[PDB]
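**Student:** Below you'll find the sequence and an experimental structure to go with it.
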Amino acid sequence: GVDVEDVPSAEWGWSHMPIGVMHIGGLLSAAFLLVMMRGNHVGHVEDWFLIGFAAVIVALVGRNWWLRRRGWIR
Amino acid sequence: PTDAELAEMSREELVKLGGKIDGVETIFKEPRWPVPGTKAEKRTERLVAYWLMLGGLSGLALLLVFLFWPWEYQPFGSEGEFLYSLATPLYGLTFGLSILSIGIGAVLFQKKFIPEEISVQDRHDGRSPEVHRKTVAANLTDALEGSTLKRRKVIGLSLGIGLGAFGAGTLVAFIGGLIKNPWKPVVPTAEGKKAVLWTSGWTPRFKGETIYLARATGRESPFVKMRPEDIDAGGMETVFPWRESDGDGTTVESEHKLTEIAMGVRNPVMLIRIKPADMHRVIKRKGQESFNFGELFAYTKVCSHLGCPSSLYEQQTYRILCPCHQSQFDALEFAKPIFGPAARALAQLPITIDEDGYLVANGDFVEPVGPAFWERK
Amino acid sequence: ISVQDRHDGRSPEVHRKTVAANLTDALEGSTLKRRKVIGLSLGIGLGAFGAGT
Amino acid sequence: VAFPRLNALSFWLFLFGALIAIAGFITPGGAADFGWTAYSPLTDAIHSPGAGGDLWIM
Amino acid sequence: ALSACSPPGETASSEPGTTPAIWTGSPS
Amino acid sequence: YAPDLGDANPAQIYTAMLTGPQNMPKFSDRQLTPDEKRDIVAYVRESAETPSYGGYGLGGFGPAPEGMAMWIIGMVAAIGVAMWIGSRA
Amino acid sequence: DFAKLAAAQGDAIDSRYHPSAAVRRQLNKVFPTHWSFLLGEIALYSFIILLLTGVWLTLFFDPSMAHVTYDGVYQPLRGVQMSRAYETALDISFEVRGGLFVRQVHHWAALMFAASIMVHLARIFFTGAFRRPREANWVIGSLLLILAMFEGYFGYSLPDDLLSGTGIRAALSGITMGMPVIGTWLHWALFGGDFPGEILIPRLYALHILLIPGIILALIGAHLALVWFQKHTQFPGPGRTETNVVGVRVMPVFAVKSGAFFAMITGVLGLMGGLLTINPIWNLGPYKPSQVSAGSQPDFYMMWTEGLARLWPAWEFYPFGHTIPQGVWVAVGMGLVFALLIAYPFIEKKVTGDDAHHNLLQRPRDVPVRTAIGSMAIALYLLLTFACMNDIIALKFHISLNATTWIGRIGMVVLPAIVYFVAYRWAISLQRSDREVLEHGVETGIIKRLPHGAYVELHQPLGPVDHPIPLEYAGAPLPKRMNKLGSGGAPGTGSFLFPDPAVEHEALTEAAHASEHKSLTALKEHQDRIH
Amino acid sequence: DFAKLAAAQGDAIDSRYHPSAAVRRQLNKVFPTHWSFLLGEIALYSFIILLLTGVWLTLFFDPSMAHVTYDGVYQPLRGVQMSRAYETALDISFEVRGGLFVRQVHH
Amino acid sequence: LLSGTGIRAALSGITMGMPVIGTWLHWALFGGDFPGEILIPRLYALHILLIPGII
Ligand SMILES: CCCCCCCCCCCCCCCC(=O)O[C@H](COC(=O)CCCCCCC[C@@H](C)CCCCCCCCC)COP(=O)(O)O[C@H]1[C@H](O)[C@H](O)[C@@H](O)[C@@H](O)[C@@H]1O
Ligand SMILES: CCCCCCCCCCCCCCCC(=O)O[C@H](COC(=O)CCCCCCC[C@@H](C)CCCCCCCCC)COP(=O)(O)O[C@H]1[C@H](O)[C@H](O)[C@@H](O)[C@@H](O)[C@@H]1O
Ligand SMILES: CC(C)=CCC/C(C)=C/CC/C(C)=C/CC/C(C)=C/CC/C(C)=C/CC/C(C)=C/CC/C(C)=C/CC1=C(C)C(=O)c2ccccc2C1=O
Ligand code: HEM
Ligand code: HEM
Ligand code: FES
């Protein structure tokens, strides 16, 4: 799924992962970080850390998906 | 090659022929010291010799140190404890040094004197030649077809049935000695016979049994009754279910009972005296509103996650902590798990005092104590 | 009723000659025979380690 | 530059020293809380005894 | 990787409860 | 945390048992009798002052420093020896 | 005198068993000489140590859970009630000359066995040696890894001390008890009843000295038989091809190298068993269900499991009248991991459709996706391992326990993704560096200022020049320093203090140069002729 | 089904390991049929049994010389000082289903 | 009782009675006098692992 210009040694071994796997992986990782807010803990600093990391992951996935959908990123 | 011309081959030619038979061609092999009579060869020979000699002298040191060093354990803070502490490091030093030096000498001999070679072997892998594959397939098919088992369905069906039945019977008669019902009532109780997982040493046995909270003195009479004023506020105690009929460790049956109560996995109880200035902060569990005796609460010392002793009492936070997986229960909220992988509260033991004033258990745990299982709740 | 040939006793001469050639070639090309000190120290060290162990 | 590898060494020493000094927040006592000037008696083992100050120093 | 469930029998209370009575033990 | 007990003289151990400062349970003179307290003091001092017999005590914590030592000494040395014996490419 | 004896013994052996053809075949077998192909051998040699010391330990160990009073030589446990296994372990450590040394060598050998199995697995996975025809050999290796993990677990559980007993109670009891339908049945089949039983230690002793060692011995035998008759893989190189093996014959280079490596590994293990303390049981005391210690961690090859149990967030289920505890997750976790380790070659075969016979290894940089996955798995394993040790990390490095717990929880998601991304880009960038070297030639580090002011670097082409003709990548490593191609010259021969006469220097240097040219020429002729 | 499956399994085995020549050499090995040449076989087969039952016995035996009081089901020995090994042998005989049978088959 | 009598008569008496190294062999094997504590475990390790492995 890659070209010699992108991955020089593409003929030699497995060198492409479909972007769907990465996109759903990011969404699932964000969902896991969010769902970890349900549990047993008095404090709420960890909830904000989870929310921030989930936001960063969702932002990265959204930007990558948007740029592949518009043509800039391939 | 014939015997006559084999008789007239040099050793190098014979090695070449032998390698060629096996599929191996040594395309390079040259002596390590082509130039005779140099000082560098002498130096390398003496280096290998010195490494092997160090190995020999270290083996001798191993023999001598093992035989003659003072090895017997020496008590704390006495003379001869330094030599005892050095005993085992000296065995390790001598043994490892000897064998490591021998290995180094062997590596150096290989790298410096054994001629460097580059041999090439043919793999001959993948599919077998068609003659071998066809002959082996024909042999197997001929066995199966001459057996005639295919055209005899009654014999094949009977053979399958019999072998399967014998295998099933043997497997059952093999594993069956290990299979134990965990719910066979074997433990007496003031309500009949009950399963082990439903009971502990705190379970009363004759409907009015006085079970004392006994501290472990860690000594003849390792357990003793204790009074509520024997715990200062903010202090923690590990108590065990001890009855009058258990004894004091003198007689052998008394020691057996005391051992069996000290080794009960669900026996230990954590007894904590809350400071009164914090007794307003106590939130009580439904159905356990009357299990504490004033400032003294009693909980199980068995974590509800995986059964480790949650035995770290932080008084200024009233937090029970289990070191196995870092669970935190709030002792002010009926030992509710506030952190970690624990999701169930620690059981609370009802306690009171008897006529003499000694702390006793006011009944049994109102739930199973240790880690959860299928049949819980 | 099947009959198989033993093919036992000594090996064919080619195999014996080539095996002897390979083994003596190893021992000779290693040149350990003309290293008296290396051989002696190897024997002493191996024996010392064996006795100690 | 005169020493191209010593240059990269300087940069990485920068990065890792800065990270070490900032990692004092990870400590429960917190990072250095005695100012950037680090005046003497306030910085002793008695006054400001946490580990964030030691990470600051190193 | 799923959600959490509280134990059905682990609720809190508001009743303060009575102080435990002095204990007496049957002879056997 | 609960600190390392090695550098503490007996009176500090005794008074730490006797008056639990912070998140230490308080061990009164009837919960822990003076003879019990002295036995605990003796054991703590003995454990602080005893040298390791098997060699170098890797901090006295157990399998964590042991695994770190194996990965950083034993495995490093083994891999280095393999690199010396073997070849690259 | 010994030549006649050797000839007569060989004649007798050949007349009686006629092994000449087979022995010659085994002596001429060619093994590649890469250093990484030695990694597996470490796991072999330590295992042999584990046998030897193990047999020694069987002469003094009584694996009885019966309770006795010590009355030994160790004063700080005099009069303490302990099991018979703990007392016999104490007697080994104190009452038998060299018993402590044998115990420590045994435990260190177990640790090296596990670690070397892990490093060998990394080699096999990243080089792609699990590919056809070597999938079953990967399956056998994975089974050996699991068996070694559990064998070491049972081993250090054998002396019933506080730490090992706490580990038994946590893992082998709590996790087993909580399994959905058969958990209590498994627990009562294994322990014979409740956890603090009377049969556990003898059963584990039988499993650990006889059953699991026998299974591992049979699996290692089958493993090495497969490696021997499915000849070793190799990296692409000058004289290498899918249909050959380039290296050294067994006699005598390979045999001497393997023996010397065995001796050196035994030396390392002996030195560590003497100079470093491992599992000082007498400091822990006998196991007691009422006591536990702050530093509760297993041997490192199990640590990840505990880390998982430390990080998974208290997720339990309550179906109709039944409880599914948190520990169940951990069990499933392990299962999945082991499953995902056993069937990896088939997963990659399905995903990439690559079902071709492969004898030439792959450099990890040439397979960026598999390298990224392997780095991801290594990062996750390391994170779980350190999360197991987060109490010690919290104590030594000032950080709160909740901080390490939440760092681990968030990390087991964030860190593997970052490591995947970095590894993928790093592998492709290594590919690009290889291409740059192949297309411009090696950078020699020498800068010239041309008369018009041009600062140029001197490039050393690896092939002919027209500027070099760009060579084609052939899956092999490339030189990037000039000292590695011989430009650094040779020092004056001597003894590091005194030179040899210049005639001897000339003779040796000329002979070595001629030999190097002869070796390269032979490889070049073989490469040219075969291709 | 079980013909094409056998052919496919044979092809896969031969492509991965190419044992056809060696396997055929093992299938064509001729063995004399005299009855006495079976005697050694007996010594092998019983040995295999000794392994299997033997492993079973290791799941319940405790090899200790520590003194215990029996306290079991077999009445004629209750309250008798014995060793832990003798106690667990009695437990194999009486407490485990098929334990006595496995013991007797093993001996 | 029967196998213990057999151990005493053969493994102990004959081993003890041998010349020069007899009692040394007995005390190495039994770890002391005949009614030792490391005899049954030693025989168990010889019998389930060592001798079956050699065999
Ligand atoms: C590949 C395996 C395929 C075959 C598996 C073997 C067949 C399973 C059933 C066993 C056959 C029955 C033999 C006796 C079983 C029987 O009938 O048990 C009764 C209650 O069974 C029942 O209703 C049915 C049992 C339900 C099975 C539950 C499945 C859980 C399994 C999967 C988990 C165990 C895993 C074992 C792994 C081994 C770990 C160790 C390496 C009540 O026990 P209990 O009243 O305590 O009395 C005890 C005497 O039974 C008993 O012999 C004993 O010897 C006496 O001491 C006595 O305690
Ligand atoms: C293979 C090399 C090993 C050489 C062994 C060969 C030596 C031959 C004989 C060995 C005899 C044993 C040595 C002395 C006997 C001895 O044990 O001395 C301990 C001293 O220990 C220390 O700290 C000193 C640390 C200095 C050692 C540095 C070497 C450590 C290496 C092996 C670590 C490398 C791995 C790095 C891992 C991370 C790298 C990756 C990032 C006592 O320290 P102490 O002052 O009492 O405090 C303790 C506290 O835990 C506490 O304070 C407590 O209160 C005290 O009770 C006492 O335990
Ligand atoms: C989980 C986490 C975030 C931890 C952070 C704590 C920490 C190390 C903070 C340092 C400050 C920071 C973040 C600096 C960043 C700059 C960088 C890249 C620094 C790199 C240097 C680092 C991080 C070194 C730490 C290495 C580390 C954490 C190792 C694990 C600790 C282990 C396994 C200790 C085991 C161990 C112990 C505990 C002993 O007591 C002992 C005693 C005697 C001999 C050996 C040992 C021994 O090996
Ligand atoms: C892969 C193989 C093996 C591994 C990983 C392993 C691992 C271990 C470990 C880590 C210990 C703890 C020792 C201590 O802490 O003192 C142990 C104990 C023990 N091992 Fe092994 N072992 C293996 C094979 C064997 C074999 C083959 C035997 C017997 C022939 C054996 C006999 C013993 C005995 C008797 C003990 C308990 C005695 C003691 O702890 O001192 N082991 N094992
Ligand atoms: C040539 C091989 C073997 C022989 C001749 C042999 C012989 C015997 C005999 C005669 C007994 C007495 C049985 C009784 O009176 O109850 C016994 C007991 C025992 N055997 Fe073996 N055995 C052999 C191999 C094995 C193996 C391989 C194991 C373990 C894998 C094993 C495990 C045991 C155990 C644990 C006992 C004691 C349990 C009991 O006495 O009930 N044996 N052996
Ligand atoms: S057993 Fe207490 S947290 Fe796991």
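**Tutor:** In hand now; what should we look at? Numbers count the residues shown, from 1 in each chain, chains lettered A, B, ... in the order given. Ligands and ions are numbered 1, 2, ... in the order given.
**Student:** Might you report the residue contacts of residue 26?
**Tutor:** Unless you meant another one, I'm taking chain A. The neighbours of residue A:26, taking C-beta atoms under 8 Å, 6 or more residues apart in numbering or on different chains as the test, are A:57, A:58, A:60, A:61, G:417. Every residue, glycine included, has its C-beta placed from N, CA and C.
**Student:** my question was about chain F
**Tutor:** B:232, B:233, B:234, B:235, B:315, F:18, F:19, F:20.
**Student:** between those, which is closest to chain A?
**Tutor:** When the contacts of residue F:26 are compared for distance to chain A (C-beta to the nearest C-beta), residue B:315 wins out at 17.9 Å.
**Student:** Count the residues that sit near the residue in chain B that ligand 4 sits nearest to.
**Tutor:** For chain B and ligand 4, the shortest gap (C-beta to the nearest ligand atom) falls at residue B:88, measuring 13.0 Å. For residue B:88, the neighbour count with other C-beta atoms under 10 Å in any protein chain shown is 27.
**Student:** Give me the buried entries from the contacts of residue A:26.
**Tutor:** A:57, A:58, A:61, G:417 (16 or more other C-beta atoms under 10 Å in any protein chain shown).
**Student:** Serialize those residues to JSON lines and add fields for distance to ligand 5.
**Tutor:** Below are the buried ones among the contacts of residue A:26 laid out as JSON lines (distance: C-beta to the nearest ligand atom, whole Å):
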{"residue": "A:57", "distance to ligand 5": "54"}
{"residue": "A:58", "distance to ligand 5": "58"}
{"residue": "A:61", "distance to ligand 5": "57"}
{"residue": "G:417", "distance to ligand 5": "49"}
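**Student:** Is there a quick ChimeraX command that grabs whichever of the contacts of residue F:26 are buried?
**Tutor:** Buried subset of those, written as a ChimeraX selection, criterion 16+ other C-beta under 10 Å:
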select /B:232,233,234,235,315 /F:20
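**Student:** returning to what we had before: and the buried ones among the contacts of residue A:26, which is closest to chain H?
**Tutor:** residue G:417 (36.1 Å).
**Student:** so the closest one touches residue A:30, yeah?
**Tutor:** No. With contact defined as C-beta atoms under 8 Å, residue G:417 does not reach residue A:30; the gap is 10.8 Å.
**Student:** Next, show the common contact partners of those two.
**Tutor:** Joint contacts of residue G:417 and residue A:30 (C-beta under 8 Å, 6+ apart) are residue A:57.
**Student:** Residue G:229 versus residue G:29, what's the distance?
**Tutor:** 10 Å (C-beta to C-beta, to the nearest Å).
**Student:** Neighbour count for those two, which is higher?
**Tutor:** residue G:29 (23 against 13).
**Student:** which one is that one nearest to, not counting chain neighbours?
**Tutor:** Nearest residue to residue G:29, sequence neighbours excluded (C-beta to C-beta, 6 or more residues apart in numbering or on different chains): residue G:250, at 5.1 Å.
**Student:** Taking the centroid of the chain, which residue is nearest it?
**Tutor:** All of this refers to chain A. residue A:26 (3.1 Å; C-alpha atoms, centre = their mean).
**Student:** not quite, I wanted chain G
**Tutor:** Closest to where the C-alpha atoms of chain G average out (C-alpha atoms, centre = their mean) is residue G:116, at 2.3 Å.
**Student:** picking that back up, am I right that the residue of chain B closest to ligand 4 is in contact with residue G:103?
**Tutor:** No. Counting by C-beta under 8 Å, residue B:88 does not reach residue G:103; the two are 9.6 Å apart.
**Student:** ok, residue G:248 touching residue G:30?
**Tutor:** Yes. In terms of C-beta under 8 Å, residue G:248 counts as a neighbour of residue G:30; the distance is 6.7 Å.
**Student:** what do those two both touch?
**Tutor:** With C-beta under 8 Å, 6+ apart, residue G:248 and residue G:30 have common neighbours residue B:119.
**Student:** So between those two, which is more surrounded?
**Tutor:** Under the criterion of other C-beta under 10 Å, the comparison of residue G:248 against residue G:30 puts residue G:30 first, with 29 against 24.
**Student:** picking that back up, could you report the distance from the residue nearest to residue G:29 to residue C:30?
**Tutor:** From residue G:250 to residue C:30 the distance is 14 Å (C-beta to C-beta).
**Student:** and if you look at residue B:111?
**Tutor:** Noted for residue B:111: a distance of 12 Å to residue C:30, by C-beta to C-beta.
**Student:** Just list the residues touching the residue nearest to residue G:29, thanks.
**Tutor:** By C-beta under 8 Å, 6+ apart, the neighbours of residue G:250 are G:26, G:27, G:28, G:29, G:31.
**Student:** Try it again at 7 Å.
**Tutor:** G:26, G:27, G:29 (C-beta atoms under 7 Å, 6 or more residues apart in numbering or on different chains).
**Student:** May I have the secondary structure class of residue 7?
**Tutor:** I went with chain A, as the question did not name one. Secondary structure, DSSP: H, G, I helix; E, B strand; the rest coil: residue A:7 is coil.
**Student:** Identify the farthest-apart pair in the contacts of residue A:26.
**Tutor:** By the measure C-beta to C-beta, A:58 and G:417 form the most distant pair in the contacts of residue A:26, at 12.9 Å.
**Student:** what's the neighbour count on the closest residue to ligand 5 within chain A?
**Tutor:** Closest residue of chain A to ligand 5, C-beta to the nearest ligand atom: residue A:14 (45.7 Å). Residues near residue A:14, counting by other C-beta under 10 Å, number 20.
**Student:** From chain B, how far out is it?
**Tutor:** Residue A:14 sits 23 Å away from chain B, going by C-beta to the nearest C-beta, to the nearest Å.
**Student:** In space, what's closest to that residue - neighbours in sequence excluded?
**Tutor:** residue G:369 (4.5 Å).
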